[PDB]
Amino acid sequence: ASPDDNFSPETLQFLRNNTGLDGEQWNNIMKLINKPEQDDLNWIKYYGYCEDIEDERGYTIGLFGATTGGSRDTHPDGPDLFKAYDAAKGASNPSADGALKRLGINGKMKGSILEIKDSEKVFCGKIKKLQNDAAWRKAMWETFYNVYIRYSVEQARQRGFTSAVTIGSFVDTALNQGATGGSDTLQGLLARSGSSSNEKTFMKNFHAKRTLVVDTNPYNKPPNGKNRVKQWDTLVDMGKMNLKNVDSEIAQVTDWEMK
């Protein structure tokens, strides 16, 4: 059953073919990411995470902070998530609207935003029930991949780095600070991390550069940012780059208090 049951059969094939990492490696990566994001190592519960954070971004859904959209988020990734779910369920012309109809949700796409008419209780109640839906989990990971993982993996490959710690650390940075754009994104940090061909040296420099900006608003509340980066850097120091057979190390590096 193992960490494999935390994904789905097809999802594991997808992650393996596109990232080169297995179920155990991705499970460990998600534990490390979910600690600073939700202060909960039991990340599978978040497949059905749904909440209006009064963000003016609509509802936040799932594992990586996708929103349905609102005034402060006019290019939400939520529509893309629902479309991927409709495609996973077998639709020939997958769409966000099609997904909401399957789910019996009263809502629809208006521009690039999802307009939901159902109350939070009703809407999020339906999302919560998708926690063990294999097609939803696949859609969740396919979207996570298109939004953050593919870019992270490409940046690692471009430098000849393919370890689980490097990919996971890049992903945590992209998810938390953004993939591309400003000097504080994954793209920006990499531009100033040097050019070492030694993976350990590079990641040490990258982590040091990230520590300078990670506790800046709105990324994290200090010293949560310092602590999240320290998790990855500690694994590098211990030489646990492969993230396999590290259950004990993972319990130790995440053993810190949020806020």
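In this text, residue numbers run from 1 along the sequence as written.
Trainee: Could you check which stretch, 200-208 or 24-32, carries the larger mean CA temperature factor in the entry?
Mentor: Mean CA B-factor is higher for 200-208.
Trainee: On average, are the C-alpha B-factors higher in 58-66 or in 216-224?
Mentor: Taking the mean C-alpha B-factor of 58-66 and of 216-224, the larger value falls to 216-224.
Trainee: With respect to the C-alpha temperature factors reported in the PDB entry, which of 229, 44, 50, 53 ranks highest?
Mentor: It is 53.
Trainee: Hey, out of 137, 110, 159, 150, whose CA B-factor is highest in the deposited coordinates?
Mentor: 110 has the highest C-alpha B-factor of those listed.
Trainee: Which third of the chain does residue 174 land in by C-alpha B-factor: lowest, middle or highest?
Mentor: Residue 174: CA B-factor falls in the lowest third of its chain.
Trainee: For the chain shown, is the CA B-factor of residue 98 in the lowest, middle or highest third of its modelled residues?
Mentor: Middle third.
Trainee: Can you tell me whether residue 8 has a C-alpha B-factor in the lowest, middle or highest third compared with the other modelled residues of the same chain?
Mentor: For residue 8, whose C-alpha B-factor we compare with every modelled residue in the chain, the answer is the lowest third.
Trainee: By the recorded C-alpha temperature factor, relative to the other modelled residues in its chain, which third is residue 143 in?
Mentor: Tercile = lowest for this residue's CA B-factor.
Trainee: Ordered by C-alpha B-factor within the chain, which third holds residue 125? Give me lowest, middle or highest, please.
Mentor: For residue 125, the deposited C-alpha B-factor lands in the middle third.
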